[PDB]
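In what follows, a single structure is set out as structure tokens and then discussed.
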Amino acid sequence: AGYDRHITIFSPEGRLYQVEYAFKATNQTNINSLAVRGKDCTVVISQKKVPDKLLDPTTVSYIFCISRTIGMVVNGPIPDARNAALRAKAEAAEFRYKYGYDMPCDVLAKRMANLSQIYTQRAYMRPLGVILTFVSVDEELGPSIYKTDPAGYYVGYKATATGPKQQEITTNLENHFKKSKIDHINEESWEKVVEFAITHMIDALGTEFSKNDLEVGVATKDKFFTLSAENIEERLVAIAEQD
Amino acid sequence: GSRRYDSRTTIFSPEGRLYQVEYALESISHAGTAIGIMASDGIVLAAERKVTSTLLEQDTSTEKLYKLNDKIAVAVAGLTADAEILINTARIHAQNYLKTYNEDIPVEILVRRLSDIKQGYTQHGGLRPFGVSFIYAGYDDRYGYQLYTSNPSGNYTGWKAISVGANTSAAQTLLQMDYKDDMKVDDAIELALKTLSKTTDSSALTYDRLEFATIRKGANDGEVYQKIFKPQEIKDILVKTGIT
Amino acid sequence: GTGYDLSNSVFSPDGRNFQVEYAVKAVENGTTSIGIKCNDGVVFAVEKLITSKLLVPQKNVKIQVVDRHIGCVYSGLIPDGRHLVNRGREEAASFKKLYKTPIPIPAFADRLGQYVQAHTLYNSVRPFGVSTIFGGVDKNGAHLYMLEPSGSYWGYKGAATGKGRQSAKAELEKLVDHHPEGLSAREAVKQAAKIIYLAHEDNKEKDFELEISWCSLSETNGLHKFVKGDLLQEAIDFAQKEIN
Amino acid sequence: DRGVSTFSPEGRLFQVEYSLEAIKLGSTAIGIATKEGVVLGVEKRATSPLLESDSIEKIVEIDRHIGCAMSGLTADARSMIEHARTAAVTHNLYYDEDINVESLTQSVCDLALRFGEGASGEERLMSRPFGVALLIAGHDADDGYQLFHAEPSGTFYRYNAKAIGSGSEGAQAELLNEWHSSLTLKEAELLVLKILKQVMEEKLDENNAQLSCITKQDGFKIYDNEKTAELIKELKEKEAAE
Amino acid sequence: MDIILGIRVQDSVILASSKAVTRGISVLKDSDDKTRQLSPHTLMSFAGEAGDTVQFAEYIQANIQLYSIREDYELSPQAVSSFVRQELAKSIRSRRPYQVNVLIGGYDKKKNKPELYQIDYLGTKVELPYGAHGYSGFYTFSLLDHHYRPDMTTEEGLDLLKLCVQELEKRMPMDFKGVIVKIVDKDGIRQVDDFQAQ
Amino acid sequence: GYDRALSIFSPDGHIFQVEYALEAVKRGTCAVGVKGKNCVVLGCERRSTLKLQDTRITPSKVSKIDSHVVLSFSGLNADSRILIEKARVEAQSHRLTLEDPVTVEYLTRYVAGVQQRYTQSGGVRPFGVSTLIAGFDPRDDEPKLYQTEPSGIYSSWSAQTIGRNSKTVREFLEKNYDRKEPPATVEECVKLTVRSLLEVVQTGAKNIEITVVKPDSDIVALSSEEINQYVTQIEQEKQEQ
Amino acid sequence: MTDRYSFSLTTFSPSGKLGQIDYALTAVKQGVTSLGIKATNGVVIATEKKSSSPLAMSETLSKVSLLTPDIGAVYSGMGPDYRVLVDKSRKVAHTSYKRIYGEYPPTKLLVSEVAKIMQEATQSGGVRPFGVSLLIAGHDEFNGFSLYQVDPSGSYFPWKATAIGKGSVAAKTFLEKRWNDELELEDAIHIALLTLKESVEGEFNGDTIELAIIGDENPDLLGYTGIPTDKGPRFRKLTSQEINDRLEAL
Amino acid sequence: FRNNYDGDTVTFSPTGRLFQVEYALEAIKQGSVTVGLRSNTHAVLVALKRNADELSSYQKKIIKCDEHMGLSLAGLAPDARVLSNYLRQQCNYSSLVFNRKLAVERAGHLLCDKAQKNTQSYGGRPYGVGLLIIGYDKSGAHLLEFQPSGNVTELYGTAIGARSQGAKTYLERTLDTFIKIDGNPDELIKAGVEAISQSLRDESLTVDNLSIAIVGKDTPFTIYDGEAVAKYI
């Protein structure tokens, strides 16, 4: 009876506790990330925290290059995050091979969401304690943000945030769009969209960032890449000469 | 390991009873009542549709009476979905037999095969049994009209009149009270409706809450005919028998 | 409720996997071992408790090589360690067979990563009872890694695990601060011998045996090799000298 | 629940130990080895006077030079006997010679621990250990007459004499004092008959007890009732003699 | 090939089957009975590949007897022949097909009529007044096309067969060593022990 | 896939699933078998929890495995079908390869083996059935009667009974059956059988069926009257005292 | 590894209840309301697009899906469970029917296939039942228009009109009042909107409501011309604009 | 505590322990004593054979794996048969495929890995027996100690089983002495019998009770039992 809390079967309330506890794990890394869409780009920002001095800062990341065009930022423990990244890469490579074209951001998201739904229904597979945000500039849909969770749920966003202080970032972004009345950062360059992203990350979290406190991934027509500490520093400088 | 979450659906109780079968039977006892009555010139199958609504489409509905063959039909009492899984395999078994021997399958062979499938879920596999009881009405040239019944345990028996589902105790007593070996299809039709009429947990017994079927050998022909009554047809036979 | 810690892949109400956490306990209860990244290679050292005079000295080697350019050392349940290295070897052989080039350290780290993470996905298996320090030289530099029972791993400047991980980490941090320019393979070997000696205080009860290995582009040509004879003693002394 | 191949805190396999308990409830079986052959005797123990006692087969032939007596859940012994017969016959086909008694025993014991719900070691498909112990007696050129005790644990011991079943602790004590390196086949026979009589609840007669032996000369033979009846009479007389 | 003949008269089906079993240069046996009783009122004769022949006959026999016991009933001749046809039809597309031709003669106690079924190894089944497998048919079909009559008695049927066997013993190259004749009717299956000179 | 060990040892050395399997047998209708000098008789009782059945079609308790051997049982009806089918198949297979029908001991040894196997195989529960198997070996006139049980144990009996109240009826047979002079007739054998059943059936002409098995596949089941006649003569033996 | 869960996770309790199915139904109860109404010349199914955040693009999430050009589905309960069910339904319509008969399956049979899939998650080893109830609307030549409900148990039933989820009890009562066997498609769409309004708390407009119908053939949605017998799909999702136009006449 | 974490080998206790493995180790301790020691030319195995009754035999405890390798067991005999059989096959493979005698050190690694698999998977059980492996290969005499936990160690000498601690302290003392018994087998054996008797208490090693095995420079692994060991009692 009390085992309806160890495996993914329904509780008398029709709830799946294991899925709820999996959601809890997604904040274990105490990191926050957000994604916004530019005019022709998509930017994902994530806090970067390296406490141990014995660590090689260059190997600490939660942003992944799934394919030439798709980028993925993960909120959750690194092992499950890497499990998810490897699968997404294999899935993206297979799609291109079988269907002849690059797997779209939303399709990869649906696919990973479906895989997640399964861990939610079969008892021998545990859900992964992560939330995946996929981004790209789809050849048909344009700038795209699709996020999937341990429930197998997924949807597209105008912008989104994830992590412990997800709500503050969310309402901040919500307010900005209520104001602009458009569903994207009306900027022509990705550098400025990245600046908008970081700027609002600061406002919402009430915190200042050095070049080593952030991690940035950018998506453009035919390519997704991550910024270097220096590319970011240049970004931080620019925003500083406005405040 | 997994062992921790295994219910062990196929074990004996200290009294030598099979838990799951007993519980599946308990489930069946809350299902709409289904009655089967065998006469000299035919067989009657009647069932009460458990739960209905104004918006339920009764013309396109069928939750209790299914055709397995052109000579065999069943009345269901239990989980509809479970019943459908068994009904479909029963239909296939009947066709395999026909293809092998070029003769329609004898009623008992088919009933035994279905009962055997059920028996399996009882002895191996670790799966829950099917929460279903069937009343088979069929005809073959070796025993003529026949009426059988099978339940979750995989056991089956033959009857002159029988009921499955809710209030079978009351239904059986009433049937054992008015049934007579030399009955006639029409007598049976009436006996069936009267019985359901007195066992129903509902206010009155209307046509929208019934399913009727008969297997007769139309004198003007020489072959066997199955007839799953249509809404209107039930409404009619309902007034005639004096239930209006 | 409770019992969330009796089955491997179960998430506790706070999102943790208690069995992995208990695996860690087995690791912290083990011998201390470290790794130091130098300017063109990496050094591996480990404490080898002398249970008794009966142990043939220098015979029970703990550091293991993978392919020809990777070293692996671990603290915890030794058999689990060997198991993980065997996998790494099959994994490296497979990569070389298809791509011709010997496996890059990062790539190799993930192979061990994924395999270890896989053992936290089902209750039919137990997590690994070892934290593993490994690395080597490749197409673009030296790389040091540490993999936890959860499958978590990162690149390190220096790393330690086992009974005296705190002492070691303290020492490693000093080195990191006092050598922003980078230590040398020659230096790292001595420094490693020292840290093992210092970190041996958390077990000062039993006598031990020192074991070092390294992989340096200049000192070993990029091949993993064990430190023996003169270079070994010279490092042992450097420790024995600074232990007073 | 708990695995069928779990260790107790004392380093024992629950299922094997519990298995031994079932063997304790079995009918008594006794074997005695002498330089003139090995005798195997068992307590039929019918459960009703209407049961045809001679249909109780607790002493079976493995091969002309190997016999077997069982005790415990006897139905569990059929596959063991079948395996033994096949191993003995097979060996002869492959080597044109008799299978050694020890080898045959070792083969039977290899089945023992092949139980579990998926033990990582091969394909042990058998839900539980056997609930029967066996006394394997035979003769071979290299080690002469031999008696082995095969248990569900997979271990087999060689004995000069041995008793298994409900009256074993008692009967084993007897065998301790009675056995000596120079017993004759006849002495061994009476000795088995005697001890069975002490432990059996029923009064031993040629219908609720059965003897058999294996000699290099005539191989394994099960004494017919008449032959044992006389041995019983001869025992009663020697006992009353003092 | 061996001689396998069958003729359905008024109230019975008669089967005649050669007695020779020859391998290479030698007639190994001259009293071979190329038949198996499938049920008290159904008989099957067979000819074909050396070992497949009996293995198939006995396999079919085993199955019919099993059905009889399970159902405490005797399958009709038509039912048994359809079962046999399906077995052969499966076989023809298997790894190593059964190379056996059969004649199934049965008396249908429900219809009270004799029935003769001819089935080749491909699973080709046909119901006939008279049938044959092998080269025999080449001399017997036209012979019977001429002398056969629907309402013939069992005795007339036997004389008709005798006419067939004589033609075969005259024009066929091989010495098939005579035939064993069996009658299948409402009372079962009986063997005419006197055909060596009827 | 499913291979959970359902039949396992308990601390006292018992295998409860096999033990509980026997409890299912005790609950089944009674069955008895007695062997004459030239025959074997099998009698079974007929429950009455529900009466309005079609006797023609309702599966009977005594089943023919082959033309010279029959099998009756006590326990789960559904389970018994499985054992009977396997027995029938083995009977035909044996005739096919040995060119001789099975002996009664052989057929018994086979059924018993199937039962035993289901007591130590993963994923399956033991058969809640006990059987009585009787008949005559090919070309033999000496009657045969065997009994098998859930554990896989089997043995022959001069007479035996299984099922509910088998305790009572066995007592009857133990003090009414003389091995010195077995029912020298088909009649007196059937009588001793009916008498034994009456000790528990409590007046049931339609609640007691009997089947007589003689050498050379001579098997027949008595009708209500034939049986009812024995009951009649029996109740008089009593009143005439 | 290897799924060693080969036993059922849904079993009968002493009372005869199948716990997991009951619980699955409770999940359906917490789900957003959805309904379906059958007219004489069509069927309409609708539900609320309960956006989980104003930053989310509710259009990228369809609760109403096309299964075959003449069949659509909507649901209440666990969205992810529904999504995979739709994938499997679309495929079974091909593998078990179109690839055999060269034509799409009639509504009742496809419903029967879906129901089967759901029944298996109720008995197969190692799984839990699907936590959803579907409403499937469709049309086929010999059966005309139809509406079906499929529950977690695998059971299904034909409806004239009905609602599932959150406020199903109230919604059903409201439908029983307005339904009659003479309703034209537009009438049902109208009644559908009215019923859905009682279940919606906040905004009620073409952007928060998802509604589709099964009606006349849409040759304009076929994609090609030249084949007379091919007139287009009967399934059509209404546009946000088409919904608002009908809301003004609410 | 424990009771909740000792149900199977796939469960860690709150402190990082594997009770099923520890319980298996307990089967060894309950096993009769056996000793092993080597010089530079030979390696010897001395084992105390235990008997059920005075009517039973003293179960063998030494198994030959190849002309240059063998072992002694303490605990579940069947598990020793399995492990030694696997060892016989690995030695065999090495000879047939590479015409190379298997290195004792490699044999130890192979055993460790075979035992490790039964400690991380569900359904299986750890092996319940300890083994002492001796052998002469291309690097001289060797002695290994195998524990069901999968831990294998190379020593100059050691002992396992009941009261093994006695013999072990003796060897840890006699070290400098026997390690030099080169070129003289009888001495190494005697030194072994002396170490083993340091664990006696019940009785004294008799003829059909003592079992010795040796292997070395020019000595194929051979087992001595009975009359063959008389000259050492």
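Chains as they are written, first to last, in the deposited numbering: chain U, 6 to 34, 34A, 35 to 143, 14A, 144 to 179, 17A to 17E, 18A to 18D, 184, 18G to 18H, 18M, 186 to 218, 220 to 240; chain P, 4 to 63, 63A, 64 to 144, 14A, 145 to 200, 202 to 204, 20A to 20B, 205 to 216, 21A to 21B, 217 to 218, 21C to 21D, 219, 21E, 220 to 239; chain T, 5 to 180, 18A to 18F, 184 to 199, 201 to 206, 20B to 20C, 207 to 218, 21A to 21C, 219 to 241; chain R, 9 to 123, 12A to 12G, 125 to 144, 14A, 145 to 180, 18C to 18E, 184 to 202, 205 to 209, 20A to 20B, 210 to 233, 235 to 244; chain X, -1, 1 to 90, 90A to 90B, 91 to 105, 10A to 10C, 106 to 181, 183 to 193; chain Q, 7 to 62, 62A, 63 to 143, 14A, 144, 14B, 145 to 180, 18A to 18D, 182 to 203, 206 to 243; chain O, 4 to 102, 10A, 103 to 147, 14A, 148 to 200, 202 to 209, 20A, 210 to 217, 21A to 21B, 21D to 21P, 218 to 236; chain S, 4 to 60, 63 to 180, 18A to 18F, 183 to 204, 206 to 207, 2B to 2E, 210 to 233. By construction, the Cβ of each residue, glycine as well, lies at the ideal position given by its N, Cα and C atoms.
- Item | Buried versus exposed call for O:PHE144 [16 or more other C-beta atoms within 10 Å across all chains shown] | exposed
- Give every residue of the same chain whose Cβ lies closer than 6 Å to the Cβ of U:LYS93, excluding the five residues on either side of it in the sequence, and list them in chain order. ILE70
- Message: Please confirm whether Q:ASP71 has its beta-carbon closer than 8 Å to some beta-carbon of chain X.
- Response: yes
- Task: Mind checking which residues open and close the alpha helix (DSSP H) that includes R:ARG86?
- Result: 86 to 103
- Task: Can you pull the chain P residues whose beta carbon is under 8 Å from the beta carbon of O:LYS161, in chain order?
- Result: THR57, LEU58, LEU59, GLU60
- Would you call the CB atoms of T:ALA172 and T:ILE82 closer than 8 Å? By the CB criterion at 8 Å, T:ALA172 and T:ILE82 fall outside the cutoff.
- Task: Return the chain-ordered ranges of every alpha helix (DSSP H) run that is complete within the region 65 to 128 of chain P and spans a minimum of 4 residues.
- Result: 82 to 103, 109 to 125
- Query: Is it right to say S:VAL102 is buried, meaning 16 or more other beta carbons lie within 10 angstroms of its own, or is it exposed?
  - Reply: exposed
- Message: Is there a Cβ of chain O sitting closer than 8 Å to that of U:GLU95, yes or no?
- Response: no
- According to DSSP, residues forming a beta bridge with P:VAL47: P:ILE40, P:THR214
- Given a cut-off of 8 Å, decide if R:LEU197 and R:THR98 are closer than it, judged by their beta-carbon atoms. no
- Query: In whole angstroms, what separates the C-alpha of S:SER59 from that of Q:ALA162?
  - Reply: 43 Å
- Message: In this structure, how does DSSP classify U:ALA88 when only helix, strand and coil are distinguished?
- Response: helix
- Residues of chain R with CB under 9 Å from Q:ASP9, in chain order? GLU12B, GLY12C, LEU127, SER129
- Message: Within the continuous beta strand (DSSP E) that includes R:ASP71, where are the two ends?
- Response: 67 to 71
- Where the beta strand (DSSP E) through U:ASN79 begins and ends: 75 to 79
- Query: Residues of chain T with CB under 8 Å from S:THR44, in chain order?
  - Reply: Within chain T, no residue comes near S:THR44; the closest Cβ sits about 15 Å away, beyond 8 Å.
- Message: On a Cα-Cα basis, can you pick out the residue from Q:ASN44, Q:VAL47, Q:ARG167 that is closest to Q:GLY34?
- Response: Q:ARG167
- Can you tell me the Cα-Cα spacing of S:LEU92 and U:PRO55, whole angstroms? 49 Å
- Message: Just to make sure I have the definition right: I need the residues of chain R whose C-beta is within less than 7 Å of the C-beta of Q:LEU137. Which are they?
- Response: Chain R residues near Q:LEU137: none, gap ~12 Å exceeds 7 Å.
- Which of helix, strand or coil DSSP assigns to U:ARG126: strand
- Task: Compute the Euclidean distance between the alpha carbons of U:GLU18H and U:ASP44, then round it to the nearest angstrom.
- Result: 7 Å
- Please name the residue, chosen from O:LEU194, O:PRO21D, O:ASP21O, that lies closest to O:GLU228 on a Cα-to-Cα basis. O:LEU194
- Message: Cutting at 8 Å between CB atoms, please list the residues of its own chain near R:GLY12F, excluding the five before and the five after it.
- Response: none
- What are the start and end residues of the alpha helix (DSSP H) that includes Q:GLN150? Here Q:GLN150 belongs to no alpha helix (DSSP H); instead the beta strand (DSSP E) covers 147 to 151.
- Taking Cβ positions only, does O:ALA172 come closer than 8 Å to chain U? no
- Any chain P beta carbon closer than 8 Å to R:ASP9: yes
- Closer than 7 Å by C-beta to P:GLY80: which residues in its own chain qualify, once you throw out the five before and the five after it? Chain order, please. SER30, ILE31, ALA34, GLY133, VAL134, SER135
- Task: Mark O:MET4 as exposed unless 16 or more other C-beta atoms lie within 10 angstroms of its C-beta, in which case mark it buried.
- Result: With fewer than 16 Cβ atoms within 10 Å of its Cβ, O:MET4 is classed as exposed.
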